[PDB]
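One structure is given here, and the rest of the page talks about it.
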Amino acid sequence: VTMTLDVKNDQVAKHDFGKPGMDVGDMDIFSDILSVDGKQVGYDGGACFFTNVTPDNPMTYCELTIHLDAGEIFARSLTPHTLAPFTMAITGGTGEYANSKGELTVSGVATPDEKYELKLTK
Amino acid sequence: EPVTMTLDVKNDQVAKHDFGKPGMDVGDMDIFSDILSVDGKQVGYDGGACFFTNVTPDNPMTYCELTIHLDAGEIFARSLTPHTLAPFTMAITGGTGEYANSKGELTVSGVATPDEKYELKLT
Amino acid sequence: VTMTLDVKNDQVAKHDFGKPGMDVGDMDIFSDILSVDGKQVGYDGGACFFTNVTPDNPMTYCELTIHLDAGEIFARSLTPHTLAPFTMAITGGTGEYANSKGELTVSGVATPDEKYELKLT
Ligand SMILES: Oc1cccc2nc3ccccc3nc12
Ligand SMILES: Oc1cccc2nc3ccccc3nc12
Ligand SMILES: Oc1cccc2nc3ccccc3nc12
Ligand SMILES: [Ca+2]
Ligand SMILES: [Ca+2]
Ligand SMILES: [Ca+2]
């Protein structure tokens, strides 16, 4: 099962803790509307914790839940948090996606042009 | 054969982080622990965190993670659901000990009442 | 299969919210460099949430992701968060560690002698 999801950010909190500006311990909490071919197919919610920030690369531990009609999909990542694609591990899901594994690649994170490419093994 | 369990839940310690804009909005967070009992005897405890991913006046959505500790092992659950007084169902994603390789669901009823319960179906 | 990783704290944020000092709702966010025999073999990142604090025991829900070349390892714990050794559950991984389970014991946490001892099944 594959899916190309267009991601429209719904709400986002970019929490600046600690030292002003992006640094270890900051965190983003967010929700998105998911679409395919211009039709909404579901939504998601997630949190990213900035575990390591250098000027070239802010590293995040991210947790994401996707809600689709057939069920939910759970993913997690420890990756650079940039526009370059990064791949989250799909650890499971519910409904049609129970006991699923696979990968979710995030492109253009935290921009209007964000997309997910899902590859599920089930 | 699926196993069910009915746990009575008493909130132990709780922090409601009102981050971001004061008042309920995206990015707020609850961190909590509970005492678990059955038939009037403590059987374990839990700890968890909820993140408000989307807040509108009609529906505050939370991503929640929960760990239950029993003598027989741990149980892990997660949800992305409205964070209201209505019952909501979490996915059991795994566990330890007796609950190693567990899957299933956990329904939370009466949240933030004295009669809060978890109803588990483990497969 | 066992594995012992030496752990060097890289960046750490200790968020003291609410009442000063450890109490429910505080959180630590961290990254580490992982090494074996003095050579870096990967890195990790994690977050701990203080779920219950009494004078005797600061309980944390911790999530950890270890990144090695062969794959990632996911662990989580609900345990006391002291200098004493504590054991995390390995819930999964990627690559070589896909479908991994087991336990990860953290000793010497946040000291120069921190180590992870993994038992993967
Ligand atoms: O930090 C962020 C801000 C706003 C939206 C985001 N969406 C994500 C989706 C998958 C993984 C990480 C993400 N991080 C995000
Ligand atoms: O936000 C919360 C505050 C206090 C206690 C809570 N207990 C929960 C148990 C299962 C799932 C979500 C929960 N959220 C909670
Ligand atoms: O609170 C902390 C501060 C600095 C480093 C830490 N490393 C950990 C590794 C596994 C579990 C919990 C941890 N907590 C940590
Ligand atoms: Ca900051
Ligand atoms: Ca707020
Ligand atoms: Ca505090």
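Values in this text are rule-based calculations from the coordinates and carry no lab data. Positions of Cβ are backbone-derived with ideal geometry, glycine not excepted, and every protein chain shown enters the neighbour counts.
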Kirkwood Rh for the protein assembly as shown from C-alpha pairs, in Å, is 20.7 Å
Here chain B gives, from Cα atoms, an Rg and Dmax in Å of 14.5, 48
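Give the relative contact order (percent, whole number) for chain B; include only Cα pairs under 8 Å separated by 6+ residues. Don't skip to the end; give the middle numbers.
Details: 320 pairs, mean separation 27.1, N = 123.
So the answer I get is 22 percent.
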The simple spin-label model distance between B:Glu116 and A:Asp113, using points 7 Å out along Cα→Cβ, in nm, is 4.5 nm
The alpha-carbon center of region A:72-111 and that of region A:2-21 are separated, in whole Å, by 14 Å
In the protein assembly as shown, taking the dipole from +1 charges on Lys and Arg beta carbons and -1 charges on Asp and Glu beta carbons about the Cα centre, the listed residue (C:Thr87, A:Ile90, C:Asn9) farthest towards the positive end is A:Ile90
Mean 1/r over distinct Cα pairs of region C:59-121, inverted to a Kirkwood Rh in Å, yields 11.9 Å
Beyond 23 Å (Cα-Cα) in this structure, taken from B:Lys117/C:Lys119; B:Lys117/C:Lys14; A:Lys115/B:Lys16; C:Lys39/C:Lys115; B:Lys10/B:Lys121, we find B:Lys117/C:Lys119; B:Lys117/C:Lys14; A:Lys115/B:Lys16
